[PDB]
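Residue numbers count from 1 along this sequence. One-based numbering, in listed order, for ligands and for the atoms of each.
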Amino acid sequence: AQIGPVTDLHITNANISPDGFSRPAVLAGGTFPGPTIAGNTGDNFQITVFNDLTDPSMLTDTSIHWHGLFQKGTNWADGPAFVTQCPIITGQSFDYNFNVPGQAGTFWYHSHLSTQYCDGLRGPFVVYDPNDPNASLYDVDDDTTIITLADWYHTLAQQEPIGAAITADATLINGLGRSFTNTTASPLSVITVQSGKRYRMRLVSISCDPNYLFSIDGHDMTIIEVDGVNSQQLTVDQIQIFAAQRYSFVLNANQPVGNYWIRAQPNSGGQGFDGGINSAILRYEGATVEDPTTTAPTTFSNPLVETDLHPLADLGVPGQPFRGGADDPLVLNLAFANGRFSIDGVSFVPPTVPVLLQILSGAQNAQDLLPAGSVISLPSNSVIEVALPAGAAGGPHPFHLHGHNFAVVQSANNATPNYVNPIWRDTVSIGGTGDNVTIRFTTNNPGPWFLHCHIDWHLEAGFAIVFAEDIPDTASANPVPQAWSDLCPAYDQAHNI
Ligand SMILES: *[C@@H]1O[C@H](CO)[C@@H](O[C@@H]2O[C@H](CO)[C@@H](O)[C@H](O)[C@H]2NC(C)=O)[C@H](O)[C@H]1NC(C)=O
Ligand SMILES: *[C@@H]1O[C@H](CO)[C@@H](O[C@@H]2O[C@H](CO)[C@@H](O)[C@H](O)[C@H]2NC(C)=O)[C@H](O)[C@H]1NC(C)=O
Ligand SMILES: [Cu+2]
Ligand SMILES: [Cu+2]
Ligand SMILES: [Cu+2]
Ligand SMILES: [Cu+2]
C-alpha cells in the first residue's frame, strides 16, 4: 500500500537479494525500492523520518530529498546534506513538514547524503490530481502502474575503490532483475494488465548512474507527463530515460492476451538480454504463467526525441527569444580532470555549516558563503538562463536543479533552440561534445538550491554548485522549526566537529 501524506518512515539496515546475490542495504520502509509516498496536490506532507541505521559501512547518518518538489517557504525541508540541513543522526528522527501547492505528477525520494541512495534509500513519490486534465486518457492509475528502474551494485557505495571504474551488477525493474555476471534465474517482476483497459504507467528512474532505453515488446507508449509537467500526447516505442527523470505514459492493453518482455537497457553494464537480464514481464490477465517469447525490433520506429515534447498548458518560455535574452544569463564551464569534476573551476566539497544555516546566521553575499566559489547568487524576480555545454568525461550528464523546474530551450544533439513551446522539466541530459543544452526559469523561490549532475558518483566527485536565490529574503521566506535548528548541534556533537 501507499503511505502518506502524513507518515512515519523508518530507515534501517537489512540484507536483500534483488538479483539473487545477498548484500546489506540502507532501506526505507524495509524494502527496495522504498514504499510509495503519496497524496493529492496541495496536501501537507509530514514525513517523520526515523534514522535507525547502525552499519557504518553505509553511513549511519541520513538526509532525504523529495525530488522535484519546489519546497517554497520550506527550503529547510529539501534534504541535500550540508546545503539545507545537517544529517539526522542515528537514534533520532526528523519531521519533513511541507506542502505541495501547484504540483501534481510523478516524483521520488532518496537519500541526499554522500552516495547513500545507491545503497538502497530510494522510492517513488506520487502527487495525484483529483481534477487531472489527462484523467480521461486512462482507466487505471495506482500503485500497480508505477515502474521503477534501478541500478544495483554488489559492492557497497562507500567501498567502491578509488581509481577503478564503477559499473552496476544488475538492472532492477520494480525491485527485481538478474545479474550481469554469474546470472541466476532469480524472479523477474511482473506487471499485470487486463485486455482492453488503458493504464497510466508512471516510469521513474531511481538510477544512481545509467540511462536506460525502455520499451515494451509489441506495445507503444503515449507520453502525457514529463518530470511532473503535463505534456501533449506523444506516442513513442522507446524512451531513453536518464537518472532521476520521470515520464507518465498511457499503455493500451490492445495486444493479444499473452506475455511480453519489458526491456530496460542501461548505457553501461550488461548489454542485451541474455538469461533475462535487463528485463521484466508484461502479463495479460488470462495468459499462461511463462516467460515471453517476443523480440525487440532491430531499430525502433519512433524513439522519444526531447524536442518533440511540448507542455499541455501554455507555459511558453520566460525572457527574450535569443541566446542571452534573460536578466541573468549564465554559461557554466563544466569540466573533469584527475578524478574530480568542477563547475567554473571549483570542485564541490560539502561545507561544515550548511549553506542555509550560513545565510540565516547573517552571511549575505555569495562571496561570503562556503564553500568559496561554489555558491552563486541569483537575483529575485528575474529570468535566469543557464547554458550547460557538454564535453566533460563520463557523459551524458543529467543535470538537476532543486526548487524549480525549467524550460529546456535547447536539448541534446540538436543545435536549434526553442523559445516558443519547449517542454519544462527538472532533470535534463546535457548531451555530447559540442552541445549547448540551455535552461530558463524565473526566481520566485528564495533559498539555496542545489544544481548538480544526478549521476551520484559524479556529485560525490564534485559536479555541483549552489544557487543562492534571493539571499536577502531567504530568512523571512523560510522560517525554521526548532527540530531543524537542533540538527547541526546534534550532528557536530556526535561527530566531534
Ligand atoms: C552556449 O551558449 C552560450 C550563450 O547562451 C554561449 O555563450 C557565449 O560565449 C561567447 C564565447 O564563447 C561569449 O563571447 C558570449 O558573451 C556568450 N554569451 C552570449 C553570446 O549570449 C556559449 O559560447 C555557447 N557554447 C557552446 C559550446 O556552444
Ligand atoms: C531540433 O530542435 C528544433 C527546435 O526545438 C526543432 O524545430 C522545431 O520543429 C518543429 C517540428 O517540425 C516545428 O514546428 C518548429 O517550428 C521547429 N522550431 C524551430 C525553432 O525551428 C527540430 O524539429 C529538431 N530537430 C529534430 C531532427 O527533431
Ligand atoms: Cu533526485
Ligand atoms: Cu531534487
Ligand atoms: Cu555526470
Ligand atoms: Cu540534489
Handout entry: Ring centroid separation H452 to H402 under 6.0 Å
Key = yes

Problem - Proximal protein heteroatoms (N, O or S) of the Cu ion (ligand 4), under 2.8 Å - result: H65 NE2, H400 NE2

Exercise for the section: Check whether the ring centres of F399 and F463 lie less than 6.0 Å apart, and answer yes or no. Expected result: yes

Exercise for the section: May I ask you to check whether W457 and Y153 place their ring centres under 6.0 Å from each other? Expected result: yes

Exercise for the section: Determine, using ring centers only, whether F341 and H397 are less than 6.0 Å apart. Expected result: yes

Practice task
Could you tell me which residues satisfy disulfide (SG to SG under 2.5 Å) with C208, sequence neighbours excluded, listed by chain and number?
Solution key: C118

Practice task
Determine whether the aromatic ring centres of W152 and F32 lie less than 6.0 Å apart.
Solution key: yes

